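All remarks here apply to the structure that follows.
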Amino acid sequence: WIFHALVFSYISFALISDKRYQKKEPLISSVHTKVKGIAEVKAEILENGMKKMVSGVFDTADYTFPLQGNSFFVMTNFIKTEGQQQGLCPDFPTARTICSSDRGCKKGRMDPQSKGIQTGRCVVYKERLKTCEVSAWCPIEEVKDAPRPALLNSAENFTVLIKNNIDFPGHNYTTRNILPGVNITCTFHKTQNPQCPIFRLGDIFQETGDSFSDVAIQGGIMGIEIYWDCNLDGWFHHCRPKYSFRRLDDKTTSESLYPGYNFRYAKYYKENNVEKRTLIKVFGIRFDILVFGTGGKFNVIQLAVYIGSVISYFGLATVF
Amino acid sequence: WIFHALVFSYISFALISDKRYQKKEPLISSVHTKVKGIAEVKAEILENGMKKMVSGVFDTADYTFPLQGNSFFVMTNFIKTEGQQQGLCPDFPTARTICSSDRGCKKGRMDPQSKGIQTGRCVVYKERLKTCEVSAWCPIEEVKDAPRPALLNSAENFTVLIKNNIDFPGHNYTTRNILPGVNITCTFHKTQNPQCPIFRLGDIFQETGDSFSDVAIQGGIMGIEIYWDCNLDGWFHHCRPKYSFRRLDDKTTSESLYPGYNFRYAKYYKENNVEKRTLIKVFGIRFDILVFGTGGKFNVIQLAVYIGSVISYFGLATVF
Amino acid sequence: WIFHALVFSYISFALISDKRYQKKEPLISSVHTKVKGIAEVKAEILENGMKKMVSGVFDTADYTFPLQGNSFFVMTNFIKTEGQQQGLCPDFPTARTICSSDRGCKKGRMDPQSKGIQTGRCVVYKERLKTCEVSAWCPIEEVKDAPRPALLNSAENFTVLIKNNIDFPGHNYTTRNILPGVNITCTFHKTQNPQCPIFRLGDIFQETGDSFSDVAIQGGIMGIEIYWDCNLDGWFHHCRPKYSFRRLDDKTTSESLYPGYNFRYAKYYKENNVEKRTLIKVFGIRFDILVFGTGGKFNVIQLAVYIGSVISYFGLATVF
Ligand SMILES: Cc1nc(/N=N/c2cc(S(=O)(=O)O)c3cc([N+](=O)[O-])cc(S(=O)(=O)O)c3c2)c(COP(=O)(O)O)c(C=O)c1O
Ligand SMILES: Cc1nc(/N=N/c2cc(S(=O)(=O)O)c3cc([N+](=O)[O-])cc(S(=O)(=O)O)c3c2)c(COP(=O)(O)O)c(C=O)c1O
Ligand SMILES: Cc1nc(/N=N/c2cc(S(=O)(=O)O)c3cc([N+](=O)[O-])cc(S(=O)(=O)O)c3c2)c(COP(=O)(O)O)c(C=O)c1O
Ligand SMILES: *[C@@H]1O[C@H](CO)[C@@H](O)[C@H](O)[C@H]1NC(C)=O
Ligand SMILES: *[C@@H]1O[C@H](CO)[C@@H](O)[C@H](O)[C@H]1NC(C)=O
Ligand SMILES: *[C@@H]1O[C@H](CO)[C@@H](O)[C@H](O)[C@H]1NC(C)=O
Ligand SMILES: *[C@@H]1O[C@H](CO)[C@@H](O)[C@H](O)[C@H]1NC(C)=O
Ligand SMILES: *[C@@H]1O[C@H](CO)[C@@H](O)[C@H](O)[C@H]1NC(C)=O
Ligand SMILES: *[C@@H]1O[C@H](CO)[C@@H](O)[C@H](O)[C@H]1NC(C)=O
């Protein structure tokens, strides 16, 4: 007769723990995001073999772009190339572009590691280096690694405020991340205050265990996660978020592939009756906010189906 | 014996209503959006305490930006500051920036309400107002409220067409929002025509019950919801959307936080061998389309499971 | 007694096939995308009745825009209009804009096919064609169809590399699209190599059965689908993606509506103390990556619920 109560205890345990008497629903979410703070750049670069001093300040109009859905981007490093006009010009001398005769490169060949189409005229470029000119923006963007000291090493001191508004369309529930009458002068910390939305980039990066400086060379993809586990019943009602973070970039890289998250960005300007761009190579840690959650109620149909399913165990106990 | 039939009536009621014999599947959607119409601006502004006249016309290339996933943005108000070059200049005189001696502000101090880094030299700025210059774009954007009559008050007269294409990967179903052969010369109205996808911004704003002019000062976050509840069975087949709207912005605000949905945008231009931007403070009502729905079929496993579950009530009625 | 074993066979078949003993979880994904390759343009255009030669090269900074969430865009065709200053000028002569007297058009009338607000002065525009000037950017963008040979017909030769990182927050599982130690020098093909993420635009368009050249006139919306069906149990563990493609654009169009996916893009520049833009009409096939998947485990509660549900059939077989 011991199993006659043991089965009951097991069904009670499962019903209380898994919340089978609750009908779960999607989440529907909208994310609002503000990145604040400024950075200051003062350093030295080697462009085209010539030393130059980069000094200045970048504010909220410089180190980001208008919000792209549930995400936001932050400048981290850049390579600048000014005054590029369409024409024919030798490209950057690499292993696949060096030539000693015009026959070395064929006109119209589009090696998937260049910018432009070659014409097949191996001319000198610099220090008697023979390469065959391509039709593209001149001067051709020299292929070089990002500077070892990240230009925006101060970017880890930035702050970000996140407002999440989730919905449960099955029920009549729509709720926000920040409750009214709550202090905003604060910072996020798992133990000190896990409800404050203000996240510190240094903090989010150090919690995962990755040093910001290392990853600032080429950037990466970061994710914040907001989990919502909301009980909509009149009793034991609570709907509150939990914050976690992790790296969506592989971090292991590969010889064929390339680490970081980088892209090239264009800025056109006509001058002297000529057209010329100012494209920049851009390394920047794109953030992806990932918000997900569940919410149940007391729909009696689920309760009935589960009770009727578990009644057979009551039967079987007497059967055996 | 009355319960013997009452149970049967309950189970039938539950099966017909909740559609337990239907295996539900999530939704995969793609949103296409077009915002049309033009606006005209003719007003007066007080910039740097000088009166100026702003007159002109904004068209689809001006009052928006390229679509960002399942969303679209509309210009509502802006504050323009032209000709800003990098250099050291006094900032806007506020409570936290006013000084009487160089000792009042320390060099390198980055108060999180400023643009640029002070050097510690409290000089006059205007009307014998001593503030200490910071290194940033000059002249420093003066902190001012948006004008009381919203520059684009005509923006409520714009129209938006929405094409939703949803998928149900579990089944072989992919459908669209607009059926072929359906008039497009129309406007949305819950009673007149709830299938026409052309929404009027004044209409969507007024349905929720918020006046456009008040929210147009600082903007906010709007959301359209498209609910799909599609029955894929041969019999009683129907798959049609329903439109609803609501405000994802808090609308209650806070003294620490700030209402509306605003951001600063940059437009760079080199002139006289100097670099200068034209950054604009932007207030604009970001729209977020939220599309969700369910679709099921006649998978017999679900039917078998439910019927076996509910058989225990038939037996318990005889038990009791 | 045959049914006594037939029922057991059916329950075993259902449990093995549908995987009822697995608790399914949603998917949380992040998409990284790279589009590579270059294009060359050399053609002739008829702008304002005058022949011109368009020759040049477009690289990764020209034929796209920064990634917008889980999507990417590719230039396909464009109509350029340079030097547009704000002022009053006659618009493009169409059926609704031609007038013979000033009374034909009323000042302040905003026909929803125009750019600018008319003033009601029917003056000559070209070849003794009388239209009434509107206040907008001049010269008014002439309404013309895209060139019959698509300018970027070579865009089908582009390659795209996709890195998908999905999560199963219910379990402790986060995985990537590309496994380590896997060749990247390859191309996608359903039979040759369905794991290589490098997709060829000509390939993706031809698999669906749509010629690239025809859709390149006005563009369209393309969709890649990545299906993940991952078994997280220790035995029979596998978690691998499958690639499919389809057209989210209607492709049937309508007289009232308009085919393709086009938008107008703005590029401002101040010159001669005047403001002027360089807005371009843009036709480009927007790509929408759609990633979805399921993953289950061996939660015993689901197993117990299903077994209890199906025990009733064991009972009913003896009942009948
Ligand atoms: C030196 C350098 N290389 C970059 N990417 N190089 C790639 C990038 C790739 S990719 O990940 O397939 O885009 C390479 C791919 C293959 N492959 O065939 O598998 C071979 C190679 S390769 O090392 O032999 O030339 C690939 C090389 C990059 C990033 O890609 P990209 O600039 O060449 O477009 C940067 C960025 O600054 C860079 O500075
Ligand atoms: C006058 C004015 N103030 C703005 N934001 N002000 C904030 C904004 C914020 S924020 O919501 O935390 O970004 C403030 C936050 C705190 N706080 O510590 O909780 C204190 C304050 S404060 O009122 O004492 O200076 C905060 C003040 C804003 C919007 O933020 P911002 O321009 O300062 O970056 C505007 C925009 O037009 C504006 O015109
Ligand atoms: C010649 C031409 N027409 C375009 N769109 N035309 C529309 C576009 C539309 S729309 O799909 O409702 O935006 C039209 C809608 C309606 N309608 O009331 O249902 C009537 C008409 S109409 O043919 O009589 O003028 C609509 C016409 C377009 C695309 O829209 P748009 O440039 O006019 O803003 C292009 C693009 O280059 C174009 O070259
Ligand atoms: C961030 O700010 C603190 C406060 O002044 C400063 O001590 C620290 O050096 C800053 N971080 C970096 C990387 O400079
Ligand atoms: C918020 O924080 C401030 C100081 O940071 C403190 O004085 C105040 O009591 C806190 N609570 C409220 C409700 O302001
Ligand atoms: C919207 O257009 C109508 C039609 O002319 C006009 O009466 C109304 O004033 C416009 N809205 C605003 C805010 O001007
Ligand atoms: C559409 O509307 C027009 C007028 O708005 C009307 O003449 C026509 O009959 C309607 N139906 C169709 C199919 O065009
Ligand atoms: C794509 O590249 C191949 C390889 O040279 C070439 O034969 C083909 O013509 C190119 N496609 C187009 C549309 O030109
Ligand atoms: C990858 O491909 C290259 C040639 O495309 C081949 O030589 C090599 O064996 C392949 N495998 C690895 C692991 O490199």
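With ideal geometry, Cβ positions are generated from the backbone for all residues, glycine too; neighbour counts draw on all protein chains shown. All of this is worked out from the model, or read from it or from the source named; no laboratory instrument gave them.
Worth a mention:
- Taking the criterion of being more than 14 Å from every other protein chain (Cβ to nearest Cβ) and aliphatic (A, V, I, L, M), the only residue of segment B:218-257 that qualifies is B:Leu232.
- Which listed residue, of C:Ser256, C:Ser244, is among the small types (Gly, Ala, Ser), surrounded by 13 or more Cβ atoms within 10 Å (Cβ to Cβ) and away from ligand 5 (no atom under 16 Å from the Cβ): C:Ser244
- Listed by first and then second residue, the pairs linking a residue in segment A:136-151 that is touching a residue at least 12 places away in the same chain (Cβ under 8 Å) and at negative phi to a residue that is hydroxyl-bearing (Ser, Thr, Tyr) and crowded, with 16+ Cβ neighbours inside 10 Å, with Cβ atoms under 6 Å apart and 6 or more places separating them unless they lie on different chains, are A:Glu141/A:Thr81.
- Among the residues of segment B:229-245, none qualifies, meaning not one is within 15 Å of ligand 6 (Cβ to nearest atom) and either in contact (Cβ under 8 Å) with a residue 60 or more places away in the chain or among the polar types (S, T, N, Q) (or both).
- Counted as qualifying within segment C:1-68 are the strands (runs of 3 or more DSSP E) with 3 or more residues that are of a type in the set (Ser, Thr, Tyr), in the same structural domain as C:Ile226 (by CATH) and in contact (Cβ under 8 Å) with a residue 40 or more places away in the chain, namely C:28-36.
- Residue that is farthest from the chain's Cα centre (by Cα), among those in segment B:178-221 that are aliphatic (A, V, I, L, M) and farther than 12 Å from B:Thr159 by Cα: B:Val182
- Among the candidates B:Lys267, B:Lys297, the residue that is more than 16 Å from ligand 1 (Cβ to nearest atom) and either under 25 Å from B:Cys138 (Cα atoms) or touching a strand residue (DSSP E or B) at 6+ places or on another chain (Cβ under 7 Å) (or both) is uniquely B:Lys267.
- Of all the numbered requirements in (1) in contact with a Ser or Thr (Cβ under 8 Å, 6 or more places away or on another chain); (2) more than 8 Å from chain C (Cβ to nearest Cβ); (3) part of a loop (DSSP other than H, G, I, E, B), A:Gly260 misses one, and that requirement is (1).
- Considering each residue of segment A:51-63 in turn, at least one proves to be within 10 Å of chain B (Cβ to nearest Cβ), of a type in the set (S, T, N, Q), under 25 Å from A:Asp288 (Cβ atoms) and surrounded by fewer than 20 Cβ atoms within 10 Å (Cβ to Cβ).
- Any chance A:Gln68 is facing another protein chain (nearest Cβ under 10 Å) and either of a type in the set (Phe, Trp, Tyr) or within 30 Å of B:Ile221 (Cα to Cα) (or both): yes
- So A:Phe65, is it under 21 Å from the mean Cα position of the chain (by Cα), more than 16 Å from ligand 5 (Cβ to nearest atom) and more than 19 Å from A:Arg148 (Cβ to Cβ): yes
- Pairs where the first residue, in segment B:177-190, is away from ligand 2 (no atom under 16 Å from the Cβ) and the second is charged (D, E, K, R), C-beta under 8 Å, 6+ apart: B:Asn177/B:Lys163; B:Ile178/B:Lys163; B:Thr187/B:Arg200; B:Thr187/B:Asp203; B:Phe188/B:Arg200; B:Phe188/B:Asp203; B:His189/B:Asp203; B:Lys190/B:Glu207
- Screening C:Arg103 against (1) over 25 Å from C:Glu275 (Cβ atoms); (2) within 14 Å of chain A (Cβ to nearest Cβ) leaves a single unmet condition, (2).
- Qualifying residue in segment C:82-100 (condition: within 14 Å of chain A (Cβ to nearest Cβ), more than 20 Å from the chain's Cα centre (by Cα) and either within 16 Å of ligand 8 (Cβ to nearest atom) or assigned to a strand (DSSP E or B) (or both)): yes
- Hits in segment B:208-228 - residues which are in contact (Cβ under 8 Å) with a residue 40 or more places away in the chain and of a type in the set (D, E, K, R): B:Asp210, B:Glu225
- Within the set C:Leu257, C:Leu248, C:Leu290, the sole residue that is out of contact with any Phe, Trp or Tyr (no Cβ under 8 Å at 6 or more places or on another chain), touching a residue at least 60 places away in the same chain (Cβ under 8 Å) and either away from ligand 8 (no atom under 16 Å from the Cβ) or not assigned by CATH to the domain that holds C:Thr81 (or both) turns out to be C:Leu290.
- Residue match in segment A:273-284 (condition: in contact with a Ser or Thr (Cβ under 6 Å, 6 or more places away or on another chain), more than 11 Å from chain C (Cβ to nearest Cβ) and not β-branched (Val, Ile, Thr)): yes
- Members of segment A:222-257 that are assigned to a loop (DSSP other than H, G, I, E, B), within 17 Å of the chain's Cα centre (by Cα) and of a type in the set (A, V, I, L, M, F, W, C): A:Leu248
- Restricting segment C:273-320 to residues that are hydroxyl-bearing (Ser, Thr, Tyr) and not in a strand (DSSP E or B), the residue that is surrounded by the most Cβ atoms within 10 Å (Cβ to Cβ): C:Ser309
- Unique match (being touching an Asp or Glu at 6+ places or on another chain (Cβ under 7 Å), more than 26 Å from B:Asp249 (Cα to Cα) and assigned by CATH to the domain that holds A:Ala146) among A:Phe168, A:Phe212, A:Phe188: A:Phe212
- Meets criteria (β-branched (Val, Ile, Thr) and either touching a residue at least 40 places away in the same chain (Cβ under 8 Å) or not assigned by CATH to the domain that holds A:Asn273 (or both)) for A:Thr81: yes
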